[PDB]
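First, one chain by itself in structure tokens, the form deposited in one PDB entry.
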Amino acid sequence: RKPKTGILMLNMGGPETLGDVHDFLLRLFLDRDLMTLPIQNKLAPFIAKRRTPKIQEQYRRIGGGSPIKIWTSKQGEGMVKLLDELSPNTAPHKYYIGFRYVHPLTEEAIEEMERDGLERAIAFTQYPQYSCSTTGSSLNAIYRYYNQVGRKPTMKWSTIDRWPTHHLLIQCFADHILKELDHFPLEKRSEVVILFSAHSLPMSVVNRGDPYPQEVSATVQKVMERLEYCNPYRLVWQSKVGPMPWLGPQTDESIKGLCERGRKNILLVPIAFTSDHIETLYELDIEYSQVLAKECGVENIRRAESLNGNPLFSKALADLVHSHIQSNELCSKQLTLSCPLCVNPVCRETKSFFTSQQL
């Protein structure tokens, strides 16, 4: 039967092949919800083209691109499967991929959700932890869309804007951590340092009140609680781009910092992005790792597998949608509140949109 309940899966998406890099960077640096530059429509095209080469190299270092589109579909298909059996009253359920910087674009998925004549549309963020630069932008995209077309929705919108401590998300992290630990020498297992690595945020964003850091910290605690604190752990922030100040200990300097101090068995954990992505300096660059071993004696730096296609993740997705439908909520209580120092007119307009939806 015709599709009743649509499920828009929001994520920034990623460049499918090295060829898509430029179009990805382009839309990203044009995102006024992610950032703001002086002349914007002019230097954005440049900045993209400019550093497009080094980003292409980075993606080449991990397989030649991002597998998010494939992975997201598998999970989407696995989620829909369970939704039909979980909540028949809202079936048939259909998932749509709403990527922010690559096809299928958010706006592209919305237009199809419309054309398909759905009764209930659910903006389901794929970032467990809320940041105004990730979920906020994907959510502002939906808003901006209708404000553009000029027209109003033809279906009821609602949203699952965050889920940093969902019990199944936590069980997945716990499972994957235990799996890697077993890849460490039997007698080293106990002294392995778990470094939860999440993407950093510029301090100016943190200081305006972004909820992201506190949420990621929450996810980390649930995980360790579940693992019964079997090992020591630390939450560090990876990558970080630019000369300006970014949050907490950088993942790079924390790894080096840890080896110069006796901890040689490190287990990195991607706690804030569910799909494979660009790794850290000590994982990609060899000379820097060569020095780290000749000067600190680093013996093991492992990475827990991304939630990728774990069957228990789909179950996590389906459960969230199900509770959502049950609860009748339009959005979390946290979305009804903008950053204490929020300076984006759009933000408040997006709040209204979801809290003002029919039913």
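Rigid core: the largest C-alpha set superposing within 1.5 Å between the two forms. Residues that one form lacks are left out of the comparison. Each residue number is its position in the shown sequence, starting from 1.
If you look for the form deposited in another entry, you will not find it shown, but the lines that follow are about it.
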Shifted position (C-alpha, 2 Å or more, core held fixed) between this form and the one not shown, chosen from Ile278, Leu181, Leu82, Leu168: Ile278
Flag for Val291, CA shift 2 Å or larger between this form and the one not shown after aligning core: yes
Closer or farther: C-alpha pair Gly242/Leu281 in the other form, relative to this form, given a change of 3 Å or more: farther
Note on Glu187-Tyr282 C-alpha separation in the other form, which departs from the shown form by 3 angstroms or more: farther
Shared-residue segments moving between this form and the one not shown, Cα shift 2 Å or more over 3+ consecutive positions, core-fitted: 277-297
